[PDB]
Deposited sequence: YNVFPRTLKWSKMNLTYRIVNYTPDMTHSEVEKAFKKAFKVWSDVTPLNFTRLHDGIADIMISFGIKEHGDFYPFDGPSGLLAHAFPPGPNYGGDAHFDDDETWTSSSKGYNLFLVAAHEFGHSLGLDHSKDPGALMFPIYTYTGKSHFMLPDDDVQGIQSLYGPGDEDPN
């Protein structure tokens, strides 16, 4: 037999993702780079592997959309809601949606796509919000320039997947 696990998490270390569409605000290459790096944040501290698919069904489907976009979490136009992702689970589990009425950047302007994606993918992997204001998973976006995953987030993700190679 098998009972349900303690926490929502992926039962496999190999995860796929697909960028289903692209924001007008950035080039395809900038978007792809920001998401690659956002995934690397998590894979660097776990045994998780992330492979990109160009078509088909992925564990983590990534899309930009506005207003009603095919779920119970419709966006609100410019300002307010920003992005959201679903915990691991069947179908839409793992998926990450970005509001294309916000402005997305690879700078300190607007919302940095890398930082928000890194936060969203934490949700895609099984992390909820942290109370640590310095943590990546703190609910409120702040821009940081340098990237070092804060220890609250390292401990959180490793509680789910282990550390993988510690050096």
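Compare what was deposited with what's modelled and send me the C-alpha-less stretches, numbered from 1. Holes in the chain trace, numbered from 1: 147 to 148, 170 to 171.
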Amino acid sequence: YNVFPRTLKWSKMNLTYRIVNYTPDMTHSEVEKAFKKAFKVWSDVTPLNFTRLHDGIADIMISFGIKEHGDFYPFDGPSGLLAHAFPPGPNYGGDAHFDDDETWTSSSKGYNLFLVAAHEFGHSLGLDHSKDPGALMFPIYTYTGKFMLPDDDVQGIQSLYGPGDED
From here on, numbers count along this sequence of modelled residues.
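Just so we're on the same page, rigid core means the largest C-alpha set that superposes within 1.5 Å between forms.
Please indicate which stretch deviates more in 6 other deposited structures of this protein: 66 to 74 or 117 to 125, judged by C-alpha RMS distance after a core superposition? If we average over structures and residues in 6 other deposited structures of this protein, the farther stretch is 66 to 74.
Check whether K146 goes without coordinates in at least a third of the other compared PDB entries of this protein that model residues on both sides of it. Yes, a third or more of the compared structures omit it.
Of 51 to 59 and 124 to 132, the one with larger mean CA B-factor: Stretch with the higher mean C-alpha B-factor: 51 to 59.
Look up the CA B-factors in the entry and say which stretch, 72 to 80 or 91 to 99, has the higher mean. Stretch with the greater average CA B-factor: 72 to 80.
Cα B factor band for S106 (lowest, middle or highest third within the chain): Highest third of the chain for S106's C-alpha B-factor.
Relative to the other modelled residues in the chain, which third contains the C-alpha temperature factor of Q158: lowest, middle or highest? For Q158, whose C-alpha B-factor we compare with every modelled residue in the chain, the answer is the lowest third.
Third assignment of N112 from its chain's C-alpha B-factors: Tercile = middle for this residue's CA B-factor.
Position of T142 among the chain's modelled residues by C-alpha B-factor, lowest, middle or highest third: Tercile = highest for this residue's CA B-factor.
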